[PDB]
Every structure is written in C-alpha cells, then in structure tokens.
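Enquirer: Structure below; questions to follow.
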Amino acid sequence: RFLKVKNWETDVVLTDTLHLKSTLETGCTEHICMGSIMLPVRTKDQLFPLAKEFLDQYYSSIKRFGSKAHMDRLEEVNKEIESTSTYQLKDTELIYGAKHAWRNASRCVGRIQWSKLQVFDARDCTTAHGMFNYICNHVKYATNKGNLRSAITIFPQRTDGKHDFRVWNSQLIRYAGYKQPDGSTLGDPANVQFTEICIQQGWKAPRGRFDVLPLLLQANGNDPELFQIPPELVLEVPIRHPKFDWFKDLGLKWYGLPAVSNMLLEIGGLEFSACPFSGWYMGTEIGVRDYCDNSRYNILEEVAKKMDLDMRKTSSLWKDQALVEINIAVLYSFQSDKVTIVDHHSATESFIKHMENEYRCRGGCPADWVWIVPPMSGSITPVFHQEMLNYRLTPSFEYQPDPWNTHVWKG
Amino acid sequence: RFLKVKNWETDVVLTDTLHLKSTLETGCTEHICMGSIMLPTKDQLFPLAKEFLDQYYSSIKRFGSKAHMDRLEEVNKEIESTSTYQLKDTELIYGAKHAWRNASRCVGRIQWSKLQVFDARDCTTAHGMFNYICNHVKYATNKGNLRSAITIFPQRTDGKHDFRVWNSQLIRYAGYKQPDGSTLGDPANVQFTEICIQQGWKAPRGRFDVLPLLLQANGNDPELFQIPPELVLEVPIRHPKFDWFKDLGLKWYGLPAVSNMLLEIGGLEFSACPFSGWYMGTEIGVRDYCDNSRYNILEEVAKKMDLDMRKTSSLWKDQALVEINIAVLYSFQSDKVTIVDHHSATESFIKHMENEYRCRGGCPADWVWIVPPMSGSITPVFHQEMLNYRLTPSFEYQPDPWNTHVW
Ligand code: HEM
Ligand code: HEM
Ligand SMILES: Cc1cc(N)nc(CCc2cc(C#N)cc(CCc3cc(C)cc(N)n3)c2)c1
Ligand SMILES: Cc1cc(N)nc(CCc2cc(C#N)cc(CCc3cc(C)cc(N)n3)c2)c1
Ligand SMILES: C[C@H](O)[C@H](O)[C@H]1CNc2nc(N)[nH]c(=O)c2N1
Ligand SMILES: C[C@H](O)[C@H](O)[C@H]1CNc2nc(N)[nH]c(=O)c2N1
Ligand SMILES: [Zn+2]
C-alpha cells in the first residue's frame, strides 16, 4: 500500500512505504482522530518477537541480514530469554537503538541531526551516586563550553518493574517554581510540584527566581536521593535585547542545555526507564513557551508595558509584538555568548530537507504536524504547508507516568 | 467510548460523548494518523433521511410523535416513487445551520445559530443564480456590518444536472501568467483566471481585479457575470504608525464567501451553496499577503522597516508579519467593516467548545486548522486538546468542476 503527502506551497508529492513497518497504535480510529491529544513487568511470551524484529532491522542496516552472525545472535538472544526471561544488548545494538529512537521520534523537528548522537552506556550503574556521576559527565560533555553536542546516557533496563532506574526530574536542568500563599508563583510555574517534592526530600531552597533544581535519582527501584549539579557545569545565558536596553533589567536568564530526562527508551522489547538525552534549543522553546505561556513565566505583560504598546485592545497585536521581541532577544543573547541555538526558520527548513531525504532513502518519515510546526509564525515556516503522516516505529521514546505516582516507598 | 479532552493551560477537562453519534470516516487508522492531510440508490438514501429527521424532531422536542412519524412515512413514500425527496423549509434552515455547527475546521462557530438561509431551490438558470448571488452579497455585506448567510441552489438529481459556482470564493482577485517570469495579482487563482479569459473574460490585467462569477445551472455550460462593483466592499490597507504602508497600495475585500463546497443534508447533495461570514484578520494578513504561494510581500515590507534581512535569526519575517497584520485589522476597523483578530476568535471558540460540551456533549474540532497561522501558543486554542470527527449535516470538498465537467 502506497501513501502520498503533498506540499501545498511547492506541489512536491512524496510516497510513504515506511508506514508498512508500523507497530504500536496511534489512538486514532476511522471514526476519530486524536492527533491533538497529548497522551493518546513484561513476559517471554511477547518479548522474543520484539527482540527478533529489532535484530532483523539492525542486521539489515549493517548489511548482514541472514548472515551467520545474525542467525547466531538470534539463537543466542532466544536462549537468554528462555533462560532468564530478559536479554542484554551489545554495545553496537544499544547505540543503533538509541539513534533510531531519535530517528523515529515523530514530534522532533531536530532529526536532521539523528546520526550524530553520543551514546553513553551507563548499564553498569548500581547506585544513585553512580547515577549522579554519569549525569554530571553527560552535562559537561554535552555543554562543551557552549558548543553543544547531542548525547544520551543509558542506565540499566527494567527487569521486574520493581527494580527501576528513574531520574525524577523531567529535565536535568530546570528552575524551581514556588507557589506563594498569596497564590502567585516565584520561578517556573511548570515545576512547582516537583519543587515541592525536592523540598520535602530535604533540599534547602534558595527561593530565587532562577534556582537550578537538584537532581533526584532512583537506582534499582530504591528511594531516590538528592544531588546538586555543580554550578560550574550549568551553562546559563543572561537575556538581553540588541536595540532594547531596559530588557536586561528584566533580570532574565536561561540555561543552554535542553535535556529530557523523563522518557522511556524502548529497544527490541527492552525498557530503559532512565535515558536522559540532550540536544540544543530552538529559540522558540524558551522565547515562546518558557517565557510567554500564561502557565509559565508570563512576561508578555512586562515586555509590553515596558514597550509602551497599546495594551487596551487585543487587536493592537501587542502580545504578538512583545512575543517577537523576546524571541529576538533569546537568539541574540545565546549567539553573543557562543552557546549553540537554532531559530525556528532555520530548524524547519533543515527538517523539510531531512524529511525528503528520509522518504527518498528510507521510504518515509513519521512526522507529527501538531508538534513540528513552531508555536509562533507557523505559516511562514515551510513545515506549515507540509502534509505529514504520523505513525509509531520502534525503537522509540515513550511517555511514562511520573514516578511519585507509582513508587512503592521503602522508607 | 467516553473520551476526555484536556486543556493544558487551565487543566479543565471535558468529556466527549457526541462522537459516538459520529457517522463518516476520518482518514486515520489506529496505525496511521492523517490529521495533517488537506483531503483524506434509494437503498442508501432512506437511512440518511431518517437519521436526519430523527435529529430534527429531537431538536424541536417532538421526537417519537405524530408529526415525526407522519414525516418519516411521507419521505419514505417520496423516495420509493421519485428516488429522492424535498426538504421542508424548516428542515433546510436546520440542516444548513448544523452543517456549520459540525464544521470541524471553523474557529468561527460560536456564530453557528445566527445564519441567514436563502432558499434558492426554485432557481433554474445562470442568470437566476447571478441574481440570487448579488442579493446574497448585498445582504451579507450590509455596508460593513457583515452578516452570516448561505444561498442554497437545487439539490443533485442524477449528477448530470448539477448547479455549480466555479469560483472558489464569490469574491477574489485575478492572477495572470507573466512574460517577465513572475506572477501578477494573486497566484492562487492562476488556472481559474485563465479559464475565465478563455470563456471570454474582459480581463483588465491588474493586481486587484475582482474576478467575474462563473455559473453553471442544471448541468449546462457555465456563464460569466461581473458582480456590480458597487456590491464589492473593498478596503485600502494602511498602518496606524507607518505612513509609507499605503504606498504598497494594498486593498482587500470585506466578504469571505466560500462557494466551491457541497452541503449534505439528510442524504441530499447541494453542490452550489456559497456561504459567507466575516474575516479573521490573519486569513488576509498572514496567508493572503505573506504566503510564498500568494502575494508574498514580506521581503518588500521588511525593507521599508529597514530590518536586518541578512540572517533568518533577526526574525525580520516575524517582525514584519506582525505589523502587516496590525495594519489589516486597523484598516477594517477604521473603515468599519467587521473583522475579528485571532486572540478574540480563538477566545470565542473556547467559550463555544465549553458550551458545546455542556449542551451537546462535545464539539468536533480540527486543531491543525483551528490554531491561527501566527502566534499559536499565545492563543488559548493551542493548549486545547480537540477531537476530530465527521458529523452530519456537513460541508464537503468537491472536485473543481472543470476537471469533471462534460463541456
Ligand atoms: C539537536 C537538537 C534538537 C533540537 C533543536 C530539537 C527540537 C525539538 C523540539 C523543538 C521539540 C518539541 C519540544 C516541544 O514541543 O515542547 C522536540 C521534541 C522531541 N525531541 Fe528533539 N530536538 C533536538 C534533539 C533531540 C535529541 C538528541 C533527542 C533524543 C535523542 C530528541 C528527541 C525528542 C523527543 C522524544 C521529542 C518529543 C518529546 C515529547 O513527546 O514530549 N531531540 N525536539
Ligand atoms: C462568522 C465569521 C466566521 C469566521 C471568523 C470563520 C473563521 C474561519 C476560519 C479562520 C477558517 C479557517 C480556514 C482557512 O484558514 O482557510 C474557517 C473555515 C471554515 N468555516 Fe468558517 N468562519 C466564519 C463563518 C463561517 C460560516 C458562515 C460558515 C458556513 C455556514 C463557515 C464554515 C466553514 C467551513 C466549512 C470551513 C473550512 C473550509 C475548508 O475546508 O476549506 N464558517 N472558518
Ligand atoms: C533533546 C531536546 C532538545 C530540544 N531542543 N528540545 C527538547 C524538548 C524539550 C521539552 C521541554 C518541555 C518543557 N518545558 C516540555 C516538553 C514536552 C513535555 C511533555 C508533556 C506531556 C504531558 C507529554 C509529553 N510527551 N511531553 C519537551 C528536547
Ligand atoms: C465563510 C468563511 C469565513 C472566513 N473567515 N473564512 C472562510 C475560509 C475561506 C477560505 C480561504 C482560503 C484562503 N486563502 C482558502 C479556503 C479553502 C482552502 C481549501 C483548499 C482545498 C484544496 C481544500 C479545502 N477543503 N480547502 C477557504 C470562510
Ligand atoms: C498540510 C497542512 O495541514 C495544510 O498546509 C494546512 C495546515 N493548517 C491550515 N489551517 C488553516 N486554517 N488553513 C489552511 O489552509 C491550512 N493549511
Ligand atoms: C493540546 C495540544 O495538543 C498541546 O498543548 C500541544 C500542541 N502542540 C505542541 N507543540 C509543541 N512543540 N510542544 C507542545 O507542548 C505542544 N503542545
Ligand atoms: Zn488522526
């Protein structure tokens, strides 16, 4: 079955056959599309098919499908599962696995970069302290004094689901939010709940507007424990504007390393529940969402007040105007400090080239339009006019419930 | 089977039950999502009729009653004999209003119940059609105080006797191929503007030339008509702060009036049914002026603001985009032609969703089309989960007639 996508700006039509390798589900039916819904212990029984599916992919990719080496690895994995109920990936499989989870990540605009990923194998880790050390090294390597490199750190896989490695932070670096008794928030309102957990656990809160949260780390299903990332490892950029001099007096800064720590990496049926990965920012992830969501830093008011915009009728487009200046400032602040960053025009163009190369060379490119198009200026970036097909390939990154909801407290 | 939708800014959760009364297909499977794709006998007509008449008699609190059963029998008889049926006026008004209520791609639907329906089912020629359309345009324009309306020409019979409006909108600017190599006017209509010339259009060759109507009645060859210029309310565009703006000499029309769609009520197909409401500002400023495919005037503008056009990262496209849109909105409001900004339109649609969950058990919404093509995440719809499903009565795309017409 052939599926076709069109670009309405250029009339380029592409053909997807890759959807024919699709495994998991979308949440969509013939009767409903759930394309805009955010969220739409395993036995031998299901594991070997998945193992086999993976090893077939791997061995195709390295040009060895049906080789001795391939048949041997198959039998070897077979035995290990029948003998222990699980199995272990070779280094090369792990690497290939993590690279493809990113390649298959349909909500990610950054995938032109997919082959350049530094994989750190933390599968010998046994304690939270070991976890901390691995993460610090991750952050230092990735940061690279502002010349960011993509990386991921992979901790031991799930066994019985009672011995899980988890990183309780949703990103390795993030600011505290503190709900006040007057009902207002200090710092980042996205992180209030997790900030409370940290305090509960015994973090001493500086109670500032930009406090870097401490890592909260669970090893081998144990209760998790706290650790401050050394401040010298945390690259930050003060936010200033090129024409606007009052902007710095807003007292804003942001960290340079986006590092997602809360997802689950699935490779050949195995489940890696701590696999923090990091890249570099698209300006709009800070400029639009972090500063200008209402449920976030919500600084459009202040930028607008200070810009002396007409704020009496929404149709002055005063919000639209402030939003642009803030994003101008974000790109400008990062670039002056030589901290790697991409603007949304650049990132979408690259992604369209990636996507076409993926169709030509791989037979498709799962793409989630709701997440790929940027959250400002949608229609003047070329992704807006691009038809995309969304589907789930493995290896993959998955959401997983927050650990404070599922953890049995050992005390 | 009871589906939840969450807003991520307000944490408000809604429960959709209306989707189980859902009829047609989406395009998507549990394997592949087609959300971002633009276009994904009498033995069959009676169920369709009944489905409709049941919802009609239910809406007037007269479900399972004498009049109800009487009507279902009458339509059954008419189908068995004639192979089609005719809608009562009341059913007509209800069907049209609901095709708009079910339009999953329309941010504007808080307005659904205030629609003026013009019954043109007695129409028989292209001249007739033209008269009905002039009257629609005049009524809906209302010297700037725009009012929603729809004009419904006769339903499909055997499919060789179709009424069609060949224009995609009643009112649109011409677009001509150029020796130079660039495109003159509006490039979206190039093919259409040529077919006009070819049937004999008096093309004046300009950049804002209102296209002639091109009307087919009862399956016959189509005919040309110039909407009286005095019926087409246009707006010169100017900036509230940039005095040089006017020198671009931009104008846009007040009336958006979709005319290439099909209206399905109770199994019947009304293939000529142009409808109109009023513009959201971004429809003109973001898309009409700034698309590569369209007037593409960002480059020309940004220069006048003297912005650093050297690097994408100065966000010069974004800066200019905003001022262009401030200007469209400003002009319309100053010439007193109805217009809505995206902040207000999206806010209104959230109020509308709430209502439709409360009162109907849901509201099919297509997020890809609802979120404005600029400033998405600062409008409330961005954070709003939506379910997309096809209800009836409804509007549908149909082939451009020229790719289908027996000429
Ligand atoms: C090269 C730098 C990168 C850039 C500029 C980039 C860009 C982005 C952006 C803007 C998003 C959406 C964020 C949002 O909508 O809130 C995203 C999503 C995502 N990206 Fe990337 N990305 C990069 C590298 C990576 C890497 C290294 C990985 C992992 C190997 C990754 C995996 C993902 C995943 C799983 C999502 C979706 C997360 C979710 O569903 O919540 N990206 N990407
Ligand atoms: C009253 C003010 C109205 C506003 C502000 C409005 C707004 C919009 C917007 C912004 C779109 C997006 C389409 C695009 O970007 O091209 C749209 C599409 C649509 N609206 Fe409305 N609308 C209005 C009235 C109406 C009326 C009167 C009807 C029908 C009775 C209608 C039915 C539709 C349909 C069917 C679409 C999708 C058309 C397509 O698939 O191309 N709307 N509307
Ligand atoms: C490596 C990398 C590089 C880069 N430039 N950007 C990213 C994505 C980062 C991200 C940040 C936030 C925030 N704040 C939320 C998110 C999504 C939060 C979320 C929330 C929910 C409810 C579900 C779900 N799947 N995801 C992602 C990653
Ligand atoms: C009544 C009303 C009010 C209002 N404010 N806006 C509308 C939509 C009008 C419209 C504008 C464009 C454009 N540009 C394209 C279109 C059609 C774009 C299109 C194109 C194709 C190929 C299929 C399809 N379903 N739609 C419509 C209507
Ligand atoms: C492929 C993609 O869905 C397509 O370009 C859509 C996206 N969203 C849109 N949204 C609106 N309102 N109007 C459009 O024309 C489009 N185009
Ligand atoms: C409800 C809606 O699906 C949700 O808020 C999505 C929309 N698109 C998004 N797109 C990106 N890139 N990131 C997001 O968090 C979201 N949020
Ligand atoms: Zn879908």
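To be explicit about the labels: the chains of the structure tokens are called A, B, and onward in the order shown, and within each one the residues are counted from 1, while ligands get numbers from 1 in the order they are shown.
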When you look at residue 133 in chain B with a cut-off of 9 Å (counting only C-alpha atoms), what residues show up, excluding the ones that are within fewer than 3 positions of it in the same chain? I need them as a PDB file with N, CA and C atoms, in the first residue's frame.

Expert:
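So the final result, stored in around-v2.pdb, reads:
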ATOM      1  N   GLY B 128     -30.480  33.479 -13.188  1.00  0.00           N
ATOM      2  CA  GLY B 128     -31.169  33.340 -11.882  1.00  0.00           C
ATOM      3  C   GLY B 128     -30.147  33.285 -10.740  1.00  0.00           C
ATOM      4  N   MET B 129     -29.369  32.209 -10.664  1.00  0.00           N
ATOM      5  CA  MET B 129     -28.115  32.170  -9.888  1.00  0.00           C
ATOM      6  C   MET B 129     -27.404  33.529  -9.702  1.00  0.00           C
ATOM      7  N   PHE B 130     -27.097  34.237 -10.784  1.00  0.00           N
ATOM      8  CA  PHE B 130     -26.418  35.513 -10.607  1.00  0.00           C
ATOM      9  C   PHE B 130     -27.212  36.485  -9.696  1.00  0.00           C
ATOM     10  N   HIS B 136     -27.316  37.985  -2.199  1.00  0.00           N
ATOM     11  CA  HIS B 136     -26.641  37.384  -1.031  1.00  0.00           C
ATOM     12  C   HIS B 136     -25.519  38.296  -0.587  1.00  0.00           C
ATOM     13  N   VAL B 137     -24.645  38.587  -1.536  1.00  0.00           N
ATOM     14  CA  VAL B 137     -23.545  39.518  -1.323  1.00  0.00           C
ATOM     15  C   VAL B 137     -23.968  40.861  -0.671  1.00  0.00           C
ATOM     16  N   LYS B 138     -25.066  41.450  -1.162  1.00  0.00           N
ATOM     17  CA  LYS B 138     -25.528  42.735  -0.676  1.00  0.00           C
ATOM     18  C   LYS B 138     -26.043  42.620   0.759  1.00  0.00           C
ATOM     19  N   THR B 151     -26.557  30.697   0.480  1.00  0.00           N
ATOM     20  CA  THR B 151     -27.613  30.630  -0.516  1.00  0.00           C
ATOM     21  C   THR B 151     -27.594  29.218  -1.086  1.00  0.00           C
ATOM     22  N   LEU B 170     -16.773  33.728  -3.845  1.00  0.00           N
ATOM     23  CA  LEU B 170     -17.559  34.660  -4.684  1.00  0.00           C
ATOM     24  C   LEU B 170     -16.725  35.810  -5.160  1.00  0.00           C
ATOM     25  N   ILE B 227     -20.003  40.808 -10.812  1.00  0.00           N
ATOM     26  CA  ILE B 227     -20.675  41.359  -9.640  1.00  0.00           C
ATOM     27  C   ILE B 227     -20.595  42.881  -9.733  1.00  0.00           C
ATOM     28  N   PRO B 274     -22.968  28.718  -1.884  1.00  0.00           N
ATOM     29  CA  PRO B 274     -21.947  29.607  -1.354  1.00  0.00           C
ATOM     30  C   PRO B 274     -22.418  30.165   0.034  1.00  0.00           C
TER      31      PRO B 274
END

Enquirer: Residues contacting ligand 2 - anything with an atom at most 7 Å away, using only C-alpha atoms and all ligand atoms - can you give me those as a PDB file with N, CA, C and O atoms, in the first residue's frame?

Expert:
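Written file, out-v4.pdb:
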ATOM      1  N   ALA B  96     -28.684  23.558   7.342  1.00  0.00           N
ATOM      2  CA  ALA B  96     -27.582  24.418   6.953  1.00  0.00           C
ATOM      3  C   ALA B  96     -26.851  24.898   8.212  1.00  0.00           C
ATOM      4  O   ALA B  96     -25.606  24.854   8.270  1.00  0.00           O
ATOM      5  N   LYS B  97     -27.639  25.328   9.210  1.00  0.00           N
ATOM      6  CA  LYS B  97     -27.114  25.809  10.437  1.00  0.00           C
ATOM      7  C   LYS B  97     -26.235  24.743  11.055  1.00  0.00           C
ATOM      8  O   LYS B  97     -25.132  25.016  11.510  1.00  0.00           O
ATOM      9  N   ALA B  99     -24.811  22.178   9.388  1.00  0.00           N
ATOM     10  CA  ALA B  99     -23.596  21.848   8.626  1.00  0.00           C
ATOM     11  C   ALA B  99     -22.436  22.759   9.119  1.00  0.00           C
ATOM     12  O   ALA B  99     -21.326  22.309   9.306  1.00  0.00           O
ATOM     13  N   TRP B 100     -22.751  24.022   9.400  1.00  0.00           N
ATOM     14  CA  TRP B 100     -21.818  24.968  10.031  1.00  0.00           C
ATOM     15  C   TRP B 100     -21.477  24.559  11.480  1.00  0.00           C
ATOM     16  O   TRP B 100     -20.327  24.643  11.920  1.00  0.00           O
ATOM     17  N   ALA B 103     -18.859  21.942  11.350  1.00  0.00           N
ATOM     18  CA  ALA B 103     -17.643  22.251  10.592  1.00  0.00           C
ATOM     19  C   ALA B 103     -16.393  22.263  11.521  1.00  0.00           C
ATOM     20  O   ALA B 103     -16.166  23.216  12.323  1.00  0.00           O
ATOM     21  N   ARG B 105     -13.318  22.445  11.164  1.00  0.00           N
ATOM     22  CA  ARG B 105     -12.240  23.302  10.782  1.00  0.00           C
ATOM     23  C   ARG B 105     -12.506  24.772  10.974  1.00  0.00           C
ATOM     24  O   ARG B 105     -11.621  25.527  10.630  1.00  0.00           O
ATOM     25  N   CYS B 106     -13.659  25.153  11.568  1.00  0.00           N
ATOM     26  CA  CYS B 106     -14.101  26.536  11.681  1.00  0.00           C
ATOM     27  C   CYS B 106     -14.005  27.050  13.102  1.00  0.00           C
ATOM     28  O   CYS B 106     -14.686  26.557  14.020  1.00  0.00           O
ATOM     29  N   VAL B 107     -13.176  28.068  13.283  1.00  0.00           N
ATOM     30  CA  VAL B 107     -12.941  28.652  14.568  1.00  0.00           C
ATOM     31  C   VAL B 107     -14.150  29.528  14.907  1.00  0.00           C
ATOM     32  O   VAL B 107     -14.378  29.901  16.091  1.00  0.00           O
ATOM     33  N   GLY B 108     -14.940  29.843  13.874  1.00  0.00           N
ATOM     34  CA  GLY B 108     -15.956  30.883  13.971  1.00  0.00           C
ATOM     35  C   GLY B 108     -17.329  30.400  14.425  1.00  0.00           C
ATOM     36  O   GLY B 108     -18.317  31.125  14.331  1.00  0.00           O
ATOM     37  N   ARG B 109     -17.404  29.171  14.915  1.00  0.00           N
ATOM     38  CA  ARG B 109     -18.671  28.539  15.006  1.00  0.00           C
ATOM     39  C   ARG B 109     -19.514  29.019  16.171  1.00  0.00           C
ATOM     40  O   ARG B 109     -20.669  28.620  16.253  1.00  0.00           O
ATOM     41  N   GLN B 111     -20.937  31.371  16.193  1.00  0.00           N
ATOM     42  CA  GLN B 111     -21.939  32.123  15.473  1.00  0.00           C
ATOM     43  C   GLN B 111     -22.959  31.214  14.811  1.00  0.00           C
ATOM     44  O   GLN B 111     -23.953  31.673  14.280  1.00  0.00           O
ATOM     45  N   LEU B 115     -27.456  32.280  11.304  1.00  0.00           N
ATOM     46  CA  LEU B 115     -27.117  32.135   9.903  1.00  0.00           C
ATOM     47  C   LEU B 115     -28.376  32.468   9.116  1.00  0.00           C
ATOM     48  O   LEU B 115     -29.462  32.022   9.467  1.00  0.00           O
ATOM     49  N   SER B 148     -23.637  36.757   8.469  1.00  0.00           N
ATOM     50  CA  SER B 148     -23.591  35.403   8.012  1.00  0.00           C
ATOM     51  C   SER B 148     -24.803  35.056   7.198  1.00  0.00           C
ATOM     52  O   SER B 148     -25.931  35.360   7.610  1.00  0.00           O
ATOM     53  N   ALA B 149     -24.555  34.359   6.076  1.00  0.00           N
ATOM     54  CA  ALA B 149     -25.623  33.861   5.278  1.00  0.00           C
ATOM     55  C   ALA B 149     -25.130  32.760   4.314  1.00  0.00           C
ATOM     56  O   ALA B 149     -23.943  32.590   4.143  1.00  0.00           O
ATOM     57  N   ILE B 150     -26.061  32.028   3.737  1.00  0.00           N
ATOM     58  CA  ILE B 150     -25.795  30.918   2.844  1.00  0.00           C
ATOM     59  C   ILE B 150     -26.875  30.959   1.761  1.00  0.00           C
ATOM     60  O   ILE B 150     -27.990  31.217   2.084  1.00  0.00           O
ATOM     61  N   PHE B 275     -21.506  30.331   1.006  1.00  0.00           N
ATOM     62  CA  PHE B 275     -21.808  30.953   2.317  1.00  0.00           C
ATOM     63  C   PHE B 275     -20.668  31.879   2.635  1.00  0.00           C
ATOM     64  O   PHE B 275     -19.560  31.773   2.041  1.00  0.00           O
ATOM     65  N   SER B 276     -20.931  32.783   3.541  1.00  0.00           N
ATOM     66  CA  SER B 276     -20.063  33.878   3.827  1.00  0.00           C
ATOM     67  C   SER B 276     -20.264  34.214   5.295  1.00  0.00           C
ATOM     68  O   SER B 276     -21.298  33.904   5.859  1.00  0.00           O
ATOM     69  N   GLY B 277     -19.255  34.822   5.923  1.00  0.00           N
ATOM     70  CA  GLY B 277     -19.383  35.332   7.294  1.00  0.00           C
ATOM     71  C   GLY B 277     -18.504  36.559   7.306  1.00  0.00           C
ATOM     72  O   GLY B 277     -18.704  37.482   6.525  1.00  0.00           O
ATOM     73  N   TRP B 278     -17.491  36.555   8.153  1.00  0.00           N
ATOM     74  CA  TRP B 278     -16.526  37.650   8.150  1.00  0.00           C
ATOM     75  C   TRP B 278     -15.117  37.175   8.495  1.00  0.00           C
ATOM     76  O   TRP B 278     -14.920  36.125   9.100  1.00  0.00           O
ATOM     77  N   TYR B 279     -14.144  37.981   8.121  1.00  0.00           N
ATOM     78  CA  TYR B 279     -12.727  37.578   8.198  1.00  0.00           C
ATOM     79  C   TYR B 279     -12.186  37.558   9.620  1.00  0.00           C
ATOM     80  O   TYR B 279     -12.560  38.387  10.468  1.00  0.00           O
ATOM     81  N   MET B 280     -11.339  36.571   9.880  1.00  0.00           N
ATOM     82  CA  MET B 280     -10.351  36.672  10.931  1.00  0.00           C
ATOM     83  C   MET B 280      -9.159  37.328  10.255  1.00  0.00           C
ATOM     84  O   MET B 280      -8.777  36.946   9.101  1.00  0.00           O
ATOM     85  N   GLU B 283      -6.321  35.631   8.224  1.00  0.00           N
ATOM     86  CA  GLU B 283      -6.675  34.978   6.982  1.00  0.00           C
ATOM     87  C   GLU B 283      -6.170  35.817   5.826  1.00  0.00           C
ATOM     88  O   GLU B 283      -5.751  35.262   4.804  1.00  0.00           O
ATOM     89  N   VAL B 340     -12.389  40.155  12.915  1.00  0.00           N
ATOM     90  CA  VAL B 340     -12.037  39.625  14.218  1.00  0.00           C
ATOM     91  C   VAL B 340     -10.532  39.337  14.244  1.00  0.00           C
ATOM     92  O   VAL B 340      -9.959  38.867  13.249  1.00  0.00           O
ATOM     93  N   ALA B 345     -11.016  35.630  18.263  1.00  0.00           N
ATOM     94  CA  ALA B 345     -11.660  34.493  17.593  1.00  0.00           C
ATOM     95  C   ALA B 345     -11.449  33.184  18.362  1.00  0.00           C
ATOM     96  O   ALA B 345     -12.425  32.490  18.686  1.00  0.00           O
ATOM     97  N   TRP B 369      -6.355  23.180  11.907  1.00  0.00           N
ATOM     98  CA  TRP B 369      -6.977  24.255  11.148  1.00  0.00           C
ATOM     99  C   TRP B 369      -7.445  25.392  12.052  1.00  0.00           C
ATOM    100  O   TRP B 369      -7.434  26.560  11.620  1.00  0.00           O
ATOM    101  N   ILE B 370      -7.817  25.037  13.298  1.00  0.00           N
ATOM    102  CA  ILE B 370      -8.234  25.992  14.342  1.00  0.00           C
ATOM    103  C   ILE B 370      -7.159  26.947  14.862  1.00  0.00           C
ATOM    104  O   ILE B 370      -7.430  28.113  15.041  1.00  0.00           O
ATOM    105  N   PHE B 395     -20.423  20.176   5.370  1.00  0.00           N
ATOM    106  CA  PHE B 395     -19.848  20.716   4.149  1.00  0.00           C
ATOM    107  C   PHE B 395     -18.727  19.813   3.658  1.00  0.00           C
ATOM    108  O   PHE B 395     -18.000  19.255   4.449  1.00  0.00           O
ATOM    109  N   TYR B 397     -15.553  19.025   0.477  1.00  0.00           N
ATOM    110  CA  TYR B 397     -14.817  19.470  -0.680  1.00  0.00           C
ATOM    111  C   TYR B 397     -15.402  18.686  -1.858  1.00  0.00           C
ATOM    112  O   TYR B 397     -16.018  17.629  -1.685  1.00  0.00           O
TER     113      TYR B 397
END

Enquirer: Can you check which parts of chain A lie within 7 Å of chain B? Per residue, the shortest pair of atoms and distance in Å to one decimal, counting only C-alpha atoms, sorted by chain and number, as CSV.

Expert:
residue,atom,partner,partner_atom,distance
A:9,CA,B:293,CA,5.6
A:22,CA,B:31,CA,6.7
A:25,CA,B:30,CA,5.2
A:26,CA,B:30,CA,5.1
A:27,CA,B:30,CA,5.9
A:28,CA,B:30,CA,5.0
A:29,CA,B:29,CA,4.7
A:30,CA,B:25,CA,5.2
A:31,CA,B:25,CA,5.4
A:32,CA,B:389,CA,5.1
A:33,CA,B:388,CA,5.1
A:34,CA,B:387,CA,5.8
A:35,CA,B:35,CA,6.0
A:36,CA,B:385,CA,5.5
A:37,CA,B:385,CA,5.2
A:293,CA,B:378,CA,6.4
A:295,CA,B:9,CA,5.8
A:314,CA,B:343,CA,6.7
A:315,CA,B:341,CA,5.8
A:316,CA,B:326,CA,6.1
A:317,CA,B:326,CA,6.2
A:320,CA,B:375,CA,6.3
A:321,CA,B:322,CA,6.6
A:324,CA,B:319,CA,6.5
A:328,CA,B:314,CA,6.2
A:331,CA,B:313,CA,6.7
A:343,CA,B:313,CA,5.7
A:345,CA,B:312,CA,6.3
A:346,CA,B:312,CA,6.9
A:369,CA,B:36,CA,6.2
A:370,CA,B:368,CA,6.6
A:375,CA,B:376,CA,5.0
A:376,CA,B:375,CA,4.2
A:377,CA,B:374,CA,4.3
A:378,CA,B:373,CA,5.0
A:379,CA,B:373,CA,4.9
A:380,CA,B:291,CA,6.6
A:387,CA,B:37,CA,5.4
A:388,CA,B:36,CA,5.8
A:389,CA,B:34,CA,5.9
A:390,CA,B:33,CA,5.0
A:391,CA,B:32,CA,5.0

Enquirer: Could you report the residues within 6 Å of ligand 3, using only C-alpha atoms and all ligand atoms, as a list in words?

Expert: residues 38, 258, 259, 260, 277, 278, 279, 280, 281, 282 and 399 of chain A

Enquirer: Which of these residues is nearest to ligand 5, using only C-alpha atoms and all ligand atoms: A:406, A:86, A:7, A:184?

Expert: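 Going through A:406, A:86, A:7, A:184 one by one, the smallest distance to ligand 5 is for A:7.
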
Enquirer: Env of range 73-78 of chain B: 8 Å cut, atoms = only C-alpha atoms, seq-sep filter 5 positions within chain, self excluded. Answer as a VMD selection string.

Expert: chain B and resid 46 49 83 to 85

Enquirer: Save the residues we just selected, N, CA and C atoms, as a JSON list (two decimals), in the first residue's frame?

Expert:
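File produced: selection-v1.json:
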[["chain", "number", "residue", "atom", "x", "y", "z"],
["B", 46, "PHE", "N", -32.67, 6.35, 2.19],
["B", 46, "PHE", "CA", -33.65, 6.38, 3.27],
["B", 46, "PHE", "C", -33.02, 6.38, 4.68],
["B", 49, "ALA", "N", -31.91, 9.93, 5.26],
["B", 49, "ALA", "CA", -33.04, 10.80, 5.53],
["B", 49, "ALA", "C", -33.53, 10.64, 6.97],
["B", 83, "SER", "N", -37.33, 8.66, -6.19],
["B", 83, "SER", "CA", -35.90, 8.31, -5.98],
["B", 83, "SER", "C", -35.10, 9.44, -5.29],
["B", 84, "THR", "N", -35.83, 10.45, -4.82],
["B", 84, "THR", "CA", -35.27, 11.47, -3.95],
["B", 84, "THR", "C", -36.38, 12.11, -3.13],
["B", 85, "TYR", "N", -36.06, 13.12, -2.33],
["B", 85, "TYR", "CA", -37.09, 13.88, -1.63],
["B", 85, "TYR", "C", -36.76, 15.36, -1.54]]

Enquirer: Ranking A:364, A:162, A:128, A:107 by minimum distance to ligand 6 and counting only C-alpha atoms and all ligand atoms, which one comes first?

Expert: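 Nearest candidate to ligand 6 out of A:364, A:162, A:128, A:107: A:107.
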
Enquirer: Determine the nearest neighbour of ligand 6 from the options B:230, B:354, B:400, B:11, counting only C-alpha atoms and all ligand atoms.

Expert: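 Among the listed residues, B:11 lies closest to ligand 6.
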
Enquirer: Can you work out which one of A:205, A:237, A:101, A:367 has the shortest atom-to-atom distance to ligand 7, counting only C-alpha atoms and all ligand atoms?

Expert: A:367

Enquirer: Could you please extract the residues within 9 Å of ligand 1, counting only C-alpha atoms and all ligand atoms, and hand them back as JSON, numbers by chain?

Expert: {"A": [38, 39, 98, 99, 100, 101, 102, 103, 104, 105, 106, 107, 108, 109, 110, 111, 112, 113, 114, 116, 117, 118, 148, 149, 150, 151, 152, 258, 259, 260, 263, 276, 277, 278, 279, 280, 281, 282, 283, 284, 285, 289, 341, 342, 343, 344, 347, 370, 371, 372, 373, 374, 375, 396, 397, 398, 399]}

Enquirer: In Å, rounded to a single decimal, give me how far CA of residue 51 in chain A is from CA of residue 66 in chain A.

Expert: 15.3 Å
